[PDB]
Every structure is written in structure tokens, then in C-alpha cells.
$ cat run.csv   # CSV, N, CA and C atoms
chain,number,residue,atom,x,y,z
A,7,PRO,N,-118.3,-75.5,184.6
A,7,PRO,CA,-118.2,-74.3,185.2
A,7,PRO,C,-118.9,-73.1,184.5
A,8,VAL,N,-119.3,-72.1,185.3
A,8,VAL,CA,-120.0,-71.0,184.7
A,8,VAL,C,-119.4,-69.7,185.2
A,9,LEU,N,-119.8,-68.6,184.4
A,9,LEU,CA,-119.6,-67.2,184.9
A,9,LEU,C,-120.9,-66.7,185.2
A,10,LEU,N,-121.0,-65.8,186.2
A,10,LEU,CA,-122.2,-65.1,186.6
A,10,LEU,C,-122.0,-63.6,186.3
A,11,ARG,N,-122.7,-63.1,185.3
A,11,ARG,CA,-122.6,-61.7,184.9
A,11,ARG,C,-123.8,-60.9,185.3
A,12,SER,N,-123.6,-59.7,185.9
A,12,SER,CA,-124.7,-58.8,186.3
A,12,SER,C,-125.4,-58.2,185.0
A,13,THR,N,-126.7,-58.4,184.9
A,13,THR,CA,-127.5,-57.8,183.9
A,13,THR,C,-127.3,-56.3,183.9
A,14,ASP,N,-127.3,-55.7,185.1
A,14,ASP,CA,-127.4,-54.3,185.3
A,14,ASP,C,-126.0,-53.6,185.0
A,15,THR,N,-125.0,-54.2,185.6
A,15,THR,CA,-123.6,-53.5,185.6
A,15,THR,C,-122.6,-54.2,184.7
A,16,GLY,N,-122.9,-55.4,184.1
A,16,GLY,CA,-122.0,-56.1,183.3
A,16,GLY,C,-120.8,-56.6,184.0
A,17,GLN,N,-120.8,-56.6,185.3
A,17,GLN,CA,-119.7,-57.1,186.1
A,17,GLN,C,-119.9,-58.6,186.4
A,18,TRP,N,-118.8,-59.3,186.4
A,18,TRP,CA,-118.8,-60.8,186.8
A,18,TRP,C,-118.5,-60.9,188.3
A,19,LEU,N,-119.3,-61.8,188.9
A,19,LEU,CA,-119.1,-62.2,190.3
A,19,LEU,C,-117.7,-62.8,190.5
A,20,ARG,N,-117.0,-62.2,191.5
A,20,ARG,CA,-115.6,-62.5,191.7
A,20,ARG,C,-115.4,-62.8,193.2
A,21,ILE,N,-114.7,-63.9,193.5
A,21,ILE,CA,-114.1,-64.1,194.8
A,21,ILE,C,-112.6,-63.8,194.8
A,22,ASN,N,-112.2,-63.1,195.8
A,22,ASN,CA,-110.8,-62.6,195.9
A,22,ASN,C,-110.0,-63.4,196.8
A,23,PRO,N,-108.6,-63.4,196.6
A,23,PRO,CA,-107.7,-64.2,197.4
A,23,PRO,C,-108.0,-64.1,198.9
A,24,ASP,N,-108.6,-63.0,199.3
A,24,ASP,CA,-108.9,-62.8,200.7
A,24,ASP,C,-110.3,-63.2,201.1
A,25,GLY,N,-110.9,-64.0,200.3
A,25,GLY,CA,-112.2,-64.5,200.6
A,25,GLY,C,-113.4,-63.6,200.4
A,26,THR,N,-113.1,-62.3,200.1
A,26,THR,CA,-114.2,-61.3,199.9
A,26,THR,C,-114.8,-61.5,198.5
A,27,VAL,N,-116.0,-61.0,198.3
A,27,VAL,CA,-116.7,-61.2,197.1
A,27,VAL,C,-117.1,-59.8,196.5
A,28,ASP,N,-116.8,-59.6,195.2
A,28,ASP,CA,-117.2,-58.3,194.6
A,28,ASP,C,-117.4,-58.6,193.1
A,29,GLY,N,-117.4,-57.5,192.3
A,29,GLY,CA,-117.6,-57.6,190.9
A,29,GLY,C,-116.4,-57.1,190.1
A,30,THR,N,-116.2,-57.6,188.9
A,30,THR,CA,-115.1,-57.1,188.0
A,30,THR,C,-115.6,-57.1,186.6
A,31,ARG,N,-115.1,-56.1,185.8
A,31,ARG,CA,-115.3,-56.0,184.4
A,31,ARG,C,-114.2,-56.8,183.6
A,32,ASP,N,-113.3,-57.4,184.3
A,32,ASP,CA,-112.1,-58.0,183.7
A,32,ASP,C,-112.3,-59.5,183.7
A,33,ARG,N,-112.7,-60.0,182.5
A,33,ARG,CA,-113.0,-61.4,182.3
A,33,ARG,C,-111.7,-62.3,182.4
A,34,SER,N,-110.5,-61.7,182.5
A,34,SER,CA,-109.3,-62.4,182.7
A,34,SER,C,-109.1,-62.8,184.1
A,35,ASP,N,-109.9,-62.3,185.0
A,35,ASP,CA,-109.8,-62.6,186.4
A,35,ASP,C,-110.1,-64.1,186.7
A,36,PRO,N,-109.3,-64.7,187.5
A,36,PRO,CA,-109.4,-66.2,187.8
A,36,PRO,C,-110.6,-66.5,188.8
A,37,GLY,N,-110.8,-65.6,189.7
A,37,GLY,CA,-111.8,-65.8,190.7
A,37,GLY,C,-113.3,-65.6,190.3
A,38,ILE,N,-113.5,-65.6,189.0
A,38,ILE,CA,-114.9,-65.4,188.5
A,38,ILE,C,-115.5,-66.7,188.0
A,39,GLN,N,-114.8,-67.9,188.1
A,39,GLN,CA,-115.4,-69.2,187.7
A,39,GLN,C,-116.0,-69.9,188.8
A,40,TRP,N,-117.3,-70.3,188.6
A,40,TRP,CA,-118.1,-71.0,189.6
A,40,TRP,C,-118.7,-72.3,189.1
A,41,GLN,N,-119.1,-73.1,190.0
A,41,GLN,CA,-119.9,-74.3,189.7
A,41,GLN,C,-121.2,-74.2,190.5
A,42,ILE,N,-122.3,-74.5,189.8
A,42,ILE,CA,-123.6,-74.6,190.4
A,42,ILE,C,-123.9,-76.0,190.7
A,43,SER,N,-124.1,-76.4,191.9
A,43,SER,CA,-124.3,-77.8,192.2
A,43,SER,C,-125.5,-77.9,193.2
A,44,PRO,N,-126.5,-78.6,192.7
A,44,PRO,CA,-127.7,-78.8,193.5
A,44,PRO,C,-127.3,-79.6,194.7
A,45,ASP,N,-127.9,-79.3,195.9
A,45,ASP,CA,-127.5,-80.2,197.0
A,45,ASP,C,-128.5,-81.3,197.1
A,46,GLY,N,-129.5,-81.4,196.2
A,46,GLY,CA,-130.4,-82.5,196.1
A,46,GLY,C,-131.7,-82.2,196.8
A,47,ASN,N,-131.8,-81.1,197.5
A,47,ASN,CA,-133.0,-80.8,198.3
A,47,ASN,C,-133.8,-79.7,197.8
A,48,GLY,N,-133.4,-79.1,196.6
A,48,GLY,CA,-134.1,-78.0,196.0
A,48,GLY,C,-133.2,-76.8,195.7
A,49,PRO,N,-132.4,-76.4,196.7
A,49,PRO,CA,-131.4,-75.3,196.5
A,49,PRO,C,-130.2,-75.8,195.8
A,50,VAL,N,-129.4,-74.8,195.4
A,50,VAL,CA,-128.1,-75.1,194.8
A,50,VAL,C,-127.1,-74.4,195.6
A,51,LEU,N,-125.8,-74.9,195.5
A,51,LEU,CA,-124.7,-74.2,196.1
A,51,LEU,C,-123.8,-73.7,195.0
A,52,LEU,N,-123.2,-72.6,195.2
A,52,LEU,CA,-122.3,-72.0,194.3
A,52,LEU,C,-120.9,-72.0,194.8
A,53,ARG,N,-120.0,-72.8,194.1
A,53,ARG,CA,-118.7,-73.1,194.6
A,53,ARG,C,-117.6,-72.5,193.6
A,54,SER,N,-116.7,-71.8,194.2
A,54,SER,CA,-115.6,-71.3,193.4
A,54,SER,C,-114.7,-72.4,192.9
A,55,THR,N,-114.5,-72.5,191.6
A,55,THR,CA,-113.5,-73.6,191.1
A,55,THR,C,-112.1,-73.2,191.5
A,56,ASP,N,-111.8,-72.0,191.6
A,56,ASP,CA,-110.4,-71.5,191.9
A,56,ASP,C,-110.1,-72.0,193.3
A,57,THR,N,-110.9,-71.6,194.3
A,57,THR,CA,-110.5,-71.8,195.7
A,57,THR,C,-111.3,-72.9,196.4
A,58,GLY,N,-112.4,-73.3,195.9
A,58,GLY,CA,-113.3,-74.3,196.5
A,58,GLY,C,-114.2,-73.7,197.6
A,59,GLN,N,-114.2,-72.4,197.8
A,59,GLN,CA,-115.0,-71.7,198.7
A,59,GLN,C,-116.5,-71.6,198.2
A,60,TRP,N,-117.5,-71.8,199.0
A,60,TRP,CA,-118.8,-71.5,198.6
A,60,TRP,C,-119.2,-70.1,198.8
A,61,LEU,N,-120.1,-69.6,197.9
A,61,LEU,CA,-120.7,-68.3,198.0
A,61,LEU,C,-121.7,-68.2,199.2
A,62,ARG,N,-121.4,-67.3,200.2
A,62,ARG,CA,-122.2,-67.3,201.4
A,62,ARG,C,-122.9,-65.9,201.6
A,63,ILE,N,-124.1,-65.9,202.0
A,63,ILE,CA,-124.7,-64.6,202.4
A,63,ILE,C,-125.1,-64.7,203.8
A,64,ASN,N,-124.7,-63.7,204.6
A,64,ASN,CA,-124.9,-63.7,206.0
A,64,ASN,C,-126.1,-62.9,206.4
A,65,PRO,N,-126.6,-63.1,207.7
A,65,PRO,CA,-127.8,-62.4,208.1
A,65,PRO,C,-127.6,-60.8,208.1
A,66,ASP,N,-126.4,-60.4,208.3
A,66,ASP,CA,-126.1,-58.9,208.2
A,66,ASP,C,-126.1,-58.3,206.8
A,67,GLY,N,-126.3,-59.2,205.8
A,67,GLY,CA,-126.4,-58.8,204.4
A,67,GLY,C,-125.1,-58.8,203.6
A,68,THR,N,-124.0,-59.1,204.3
A,68,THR,CA,-122.7,-59.2,203.6
A,68,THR,C,-122.6,-60.6,202.9
A,69,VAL,N,-121.9,-60.6,201.8
A,69,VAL,CA,-121.6,-61.8,201.0
A,69,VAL,C,-120.2,-62.0,201.0
A,70,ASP,N,-119.8,-63.3,201.2
A,70,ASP,CA,-118.4,-63.6,201.2
A,70,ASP,C,-118.2,-65.1,200.8
A,71,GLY,N,-117.0,-65.6,201.0
A,71,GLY,CA,-116.7,-67.0,200.8
A,71,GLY,C,-116.6,-67.8,202.1
A,72,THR,N,-116.9,-69.1,202.0
A,72,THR,CA,-116.7,-69.9,203.2
A,72,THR,C,-116.3,-71.3,202.8
A,73,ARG,N,-115.6,-72.0,203.8
A,73,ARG,CA,-115.4,-73.5,203.6
A,73,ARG,C,-116.3,-74.3,204.4
A,74,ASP,N,-117.2,-73.7,205.2
A,74,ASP,CA,-118.1,-74.4,206.1
A,74,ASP,C,-119.3,-74.9,205.3
A,75,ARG,N,-119.3,-76.2,205.0
A,75,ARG,CA,-120.3,-76.8,204.2
A,75,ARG,C,-121.7,-76.8,205.0
A,76,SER,N,-121.6,-76.6,206.3
A,76,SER,CA,-122.8,-76.6,207.2
A,76,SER,C,-123.3,-75.2,207.4
A,77,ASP,N,-122.7,-74.2,206.8
A,77,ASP,CA,-123.2,-72.8,207.0
A,77,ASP,C,-124.5,-72.7,206.2
A,78,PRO,N,-125.6,-72.2,206.9
A,78,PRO,CA,-126.9,-72.1,206.3
A,78,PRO,C,-127.0,-71.1,205.2
A,79,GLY,N,-126.0,-70.2,205.2
A,79,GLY,CA,-126.0,-69.1,204.2
A,79,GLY,C,-125.5,-69.4,202.8
A,80,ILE,N,-125.2,-70.7,202.6
A,80,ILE,CA,-124.6,-71.1,201.3
A,80,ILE,C,-125.7,-71.7,200.4
A,81,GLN,N,-126.9,-71.9,200.9
A,81,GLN,CA,-128.0,-72.4,200.1
A,81,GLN,C,-128.7,-71.3,199.3
A,82,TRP,N,-128.8,-71.5,198.0
A,82,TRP,CA,-129.4,-70.5,197.1
A,82,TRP,C,-130.6,-71.2,196.3
A,83,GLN,N,-131.6,-70.4,196.0
A,83,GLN,CA,-132.7,-70.8,195.1
A,83,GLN,C,-132.6,-70.0,193.9
A,84,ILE,N,-132.5,-70.7,192.7
A,84,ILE,CA,-132.5,-70.0,191.4
A,84,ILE,C,-133.9,-69.8,191.0
A,85,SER,N,-134.2,-68.6,190.5
A,85,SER,CA,-135.5,-68.3,189.9
A,85,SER,C,-135.3,-67.7,188.5
A,86,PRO,N,-135.4,-68.4,187.4
A,86,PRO,CA,-135.1,-67.9,186.1
A,86,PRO,C,-136.2,-66.9,185.6
A,87,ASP,N,-135.8,-65.8,185.0
A,87,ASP,CA,-136.8,-64.9,184.4
A,87,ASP,C,-136.8,-65.4,182.9
A,88,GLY,N,-137.7,-66.3,182.6
A,88,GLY,CA,-137.8,-66.8,181.3
A,88,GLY,C,-136.4,-67.4,180.9
A,89,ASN,N,-136.0,-67.1,179.6
A,89,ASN,CA,-134.8,-67.6,179.1
A,89,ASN,C,-133.7,-66.6,179.3
A,90,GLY,N,-133.9,-65.6,180.2
A,90,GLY,CA,-133.0,-64.5,180.4
A,90,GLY,C,-132.2,-64.7,181.7
A,91,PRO,N,-132.0,-63.6,182.5
A,91,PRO,CA,-131.2,-63.7,183.7
A,91,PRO,C,-132.0,-64.5,184.8
A,92,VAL,N,-131.3,-64.8,185.8
A,92,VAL,CA,-131.9,-65.4,187.0
A,92,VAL,C,-131.8,-64.6,188.2
A,93,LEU,N,-132.7,-64.9,189.2
A,93,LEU,CA,-132.5,-64.3,190.6
A,93,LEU,C,-131.9,-65.5,191.4
A,94,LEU,N,-131.1,-65.1,192.4
A,94,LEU,CA,-130.4,-66.0,193.3
A,94,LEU,C,-130.8,-65.6,194.7
A,95,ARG,N,-131.7,-66.4,195.4
A,95,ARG,CA,-132.2,-66.0,196.7
A,95,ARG,C,-131.8,-66.9,197.8
A,96,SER,N,-131.3,-66.3,198.9
A,96,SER,CA,-130.9,-67.1,200.0
A,96,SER,C,-132.0,-67.9,200.6
A,97,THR,N,-131.9,-69.2,200.8
A,97,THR,CA,-132.9,-70.0,201.4
A,97,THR,C,-133.0,-69.7,202.9
A,98,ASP,N,-131.9,-69.3,203.5
A,98,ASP,CA,-131.8,-69.0,204.9
A,98,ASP,C,-132.4,-67.6,205.3
A,99,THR,N,-132.0,-66.6,204.5
A,99,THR,CA,-132.3,-65.2,204.9
A,99,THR,C,-133.4,-64.5,204.1
A,100,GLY,N,-133.7,-65.1,202.9
A,100,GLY,CA,-134.6,-64.5,202.0
A,100,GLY,C,-134.0,-63.4,201.1
A,101,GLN,N,-132.8,-63.1,201.3
A,101,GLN,CA,-132.1,-62.0,200.6
A,101,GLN,C,-131.7,-62.4,199.2
A,102,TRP,N,-131.8,-61.6,198.2
A,102,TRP,CA,-131.3,-61.8,196.9
A,102,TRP,C,-129.8,-61.3,196.8
A,103,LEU,N,-129.1,-62.1,196.0
A,103,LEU,CA,-127.7,-61.7,195.7
A,103,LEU,C,-127.7,-60.4,194.8
A,104,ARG,N,-127.1,-59.4,195.3
A,104,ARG,CA,-127.1,-58.1,194.6
A,104,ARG,C,-125.6,-57.6,194.3
A,105,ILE,N,-125.5,-57.0,193.1
A,105,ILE,CA,-124.2,-56.2,192.9
A,105,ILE,C,-124.6,-54.8,192.6
A,106,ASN,N,-123.8,-53.9,193.3
A,106,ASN,CA,-124.1,-52.5,193.1
A,106,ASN,C,-123.2,-51.9,192.1
A,107,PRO,N,-123.5,-50.7,191.6
A,107,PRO,CA,-122.7,-50.1,190.5
A,107,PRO,C,-121.2,-49.9,190.9
A,108,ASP,N,-121.0,-49.7,192.2
A,108,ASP,CA,-119.6,-49.5,192.7
A,108,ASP,C,-118.8,-50.8,192.8
A,109,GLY,N,-119.5,-51.9,192.5
A,109,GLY,CA,-118.8,-53.2,192.4
A,109,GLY,C,-119.0,-54.0,193.7
A,110,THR,N,-119.5,-53.5,194.7
A,110,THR,CA,-119.7,-54.2,195.9
A,110,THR,C,-120.9,-55.2,195.8
A,111,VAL,N,-120.7,-56.4,196.4
A,111,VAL,CA,-121.8,-57.4,196.3
A,111,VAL,C,-122.3,-57.7,197.7
A,112,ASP,N,-123.6,-57.7,197.8
A,112,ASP,CA,-124.3,-57.9,199.1
A,112,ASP,C,-125.6,-58.5,198.9
A,113,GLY,N,-126.4,-58.5,200.0
A,113,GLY,CA,-127.8,-58.9,199.9
A,113,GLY,C,-128.8,-57.8,200.0
A,114,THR,N,-130.0,-58.0,199.4
A,114,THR,CA,-131.1,-57.1,199.5
A,114,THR,C,-132.4,-57.9,199.6
A,115,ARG,N,-133.4,-57.3,200.3
A,115,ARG,CA,-134.7,-57.8,200.3
A,115,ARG,C,-135.6,-57.0,199.4
A,116,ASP,N,-135.0,-56.1,198.6
A,116,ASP,CA,-135.8,-55.4,197.6
A,116,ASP,C,-135.8,-56.1,196.3
A,117,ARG,N,-136.9,-56.7,195.9
A,117,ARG,CA,-137.0,-57.6,194.7
A,117,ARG,C,-137.0,-56.7,193.5
A,118,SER,N,-137.1,-55.4,193.6
A,118,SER,CA,-137.1,-54.5,192.5
A,118,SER,C,-135.7,-54.0,192.1
A,119,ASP,N,-134.8,-54.3,193.0
A,119,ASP,CA,-133.4,-53.8,192.8
A,119,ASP,C,-132.9,-54.3,191.4
A,120,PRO,N,-132.4,-53.3,190.6
A,120,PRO,CA,-131.8,-53.8,189.3
A,120,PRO,C,-130.6,-54.6,189.4
A,121,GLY,N,-129.9,-54.6,190.5
A,121,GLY,CA,-128.7,-55.3,190.7
A,121,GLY,C,-128.8,-56.8,191.0
A,122,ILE,N,-130.0,-57.3,191.0
A,122,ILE,CA,-130.2,-58.7,191.4
A,122,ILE,C,-130.4,-59.7,190.3
A,123,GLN,N,-130.3,-59.2,189.0
A,123,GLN,CA,-130.4,-60.1,187.9
A,123,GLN,C,-129.1,-60.6,187.4
A,124,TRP,N,-128.9,-61.9,187.2
A,124,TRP,CA,-127.6,-62.5,186.8
A,124,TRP,C,-127.8,-63.4,185.6
A,125,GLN,N,-126.9,-63.1,184.6
A,125,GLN,CA,-126.9,-64.0,183.5
A,125,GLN,C,-125.9,-65.1,183.8
A,126,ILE,N,-126.3,-66.4,183.6
A,126,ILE,CA,-125.4,-67.5,183.7
A,126,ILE,C,-124.8,-67.9,182.4
A,127,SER,N,-123.5,-67.8,182.3
A,127,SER,CA,-122.8,-68.2,181.0
A,127,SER,C,-121.9,-69.4,181.2
A,128,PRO,N,-121.9,-70.3,180.3
A,128,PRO,CA,-121.0,-71.4,180.4
A,128,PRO,C,-119.6,-71.0,180.2
A,129,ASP,N,-118.6,-71.7,180.9
A,129,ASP,CA,-117.2,-71.4,180.9
A,129,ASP,C,-116.4,-72.7,180.8
A,130,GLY,N,-116.9,-73.6,180.0
A,130,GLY,CA,-116.2,-74.9,179.9
A,130,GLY,C,-117.2,-76.0,180.3

$ encode --input "run.csv" --output "C-alpha cells"
Amino acid sequence: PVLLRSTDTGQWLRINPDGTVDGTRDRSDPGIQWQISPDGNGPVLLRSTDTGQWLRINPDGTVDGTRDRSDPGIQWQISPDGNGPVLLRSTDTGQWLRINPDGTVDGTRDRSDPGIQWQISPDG
């Protein structure tokens, strides 16, 4: 399992009891633990160890959790910036996973956005 921490804001990617996704500065939060699992085709899926929901980005740019394994918005492509943070890009929509200073998580097509860099940290 891994944690995903924003380079820009220092917030960890969190899924909430209500299926919504946002950021937190509180590492004691349970919904911040994820598994990165290649689907074998090139992309990876990001699955919450807490709830089993996959991280989904929708065409409207919202990011949430789903249990629908067939949803096309759960496929992500990792692009590492050297040995540093990575970008996570939707295979379906082309949007990057973004976290904003206010803690909201969504998609953007702006590759220059500072909120799209994520440090992957092991958590067991």
C-alpha cells in the first residue's frame, strides 16, 4: 500500500466515507491508503485499501470513488518526473489528477498546474 502526497500542498489523497475524494494534512486519516495495481494493459488502477473503491475521474472533471470495475474513468497512466513526483493522467479523458490549495481534488487539462505532482510513499 502507498500514500499519495501532493508536492504543491503537502496534502494526502483521501477517500471519504461518502465516496468523495479530497486532500488532508492529517496522516492519521484512514482513507489515505491506496494500492497501485497495473491492469496489465499499460494503465494502473488506484484502489482504496479502506473501502475497496477505485479512484475515478469523470468527463465533467470531478474525481470520486467507484465500485464499477468497468468504468473507463478508473484507468490511470503514471508519468514519473525522474526520481521525484509523478503525474497521474486519465487514459479516458486525458485529464491529470489535481489537488487545489483548498483541498478539493479534480481533473485538469493544464499540464502546467502545480497541483498535479504527486509523491508516492510506501505505507507497508

$ closest_residue --input "run.csv" --among "A:27, A:80, A:38, A:93" --to "residue 112 of chain A" --atoms "only C-alpha atoms"
A:27

$ residues_around --input "run.csv" --residues "residue 49 of chain A" --least-positions-apart "3" --cutoff "8 Å" --atoms "only N, CA and C atoms" --output "PyMOL selection string"
chain A and resi 43-46+52+80-84+97

$ closest_residue --input "run.csv" --among "A:106, A:89, A:26, A:101" --to "residue 125 of chain A" --atoms "only C-alpha atoms"
A:89

$ atom_distance --input "run.csv" --atom1 "atom CA of residue 55 of chain A" --atom2 "atom C of residue 34 of chain A"
13.6 Å

$ residues_around --input "run.csv" --residues "segment 9-12 of chain A" --least-positions-apart "5" --cutoff "6 Å" --atoms "only C-alpha atoms" --output "ChimeraX atom specification"
/A:17-19,39,124-127

$ atom_distance --input "run.csv" --atom1 "atom CA of residue 13 of chain A" --atom2 "atom N of residue 123 of chain A"
6.0 Å

$ atom_distance --input "run.csv" --atom1 "atom C of residue 117 of chain A" --atom2 "atom C of residue 105 of chain A"
12.6 Å

$ closest_residue --input "run.csv" --among "A:71, A:58, A:7, A:88" --to "residue 25 of chain A" --atoms "all atoms listed in the file"
A:71

$ closest_residue --input "run.csv" --among "A:108, A:66, A:56, A:98" --to "residue 30 of chain A" --atoms "only C-alpha atoms"
A:108

$ select_by_dssp --input "run.csv" --residues "segment 25-103 of chain A" --states "helix (DSSP H, G or I)" --output "ChimeraX atom specification"
/A:36-38,78-80
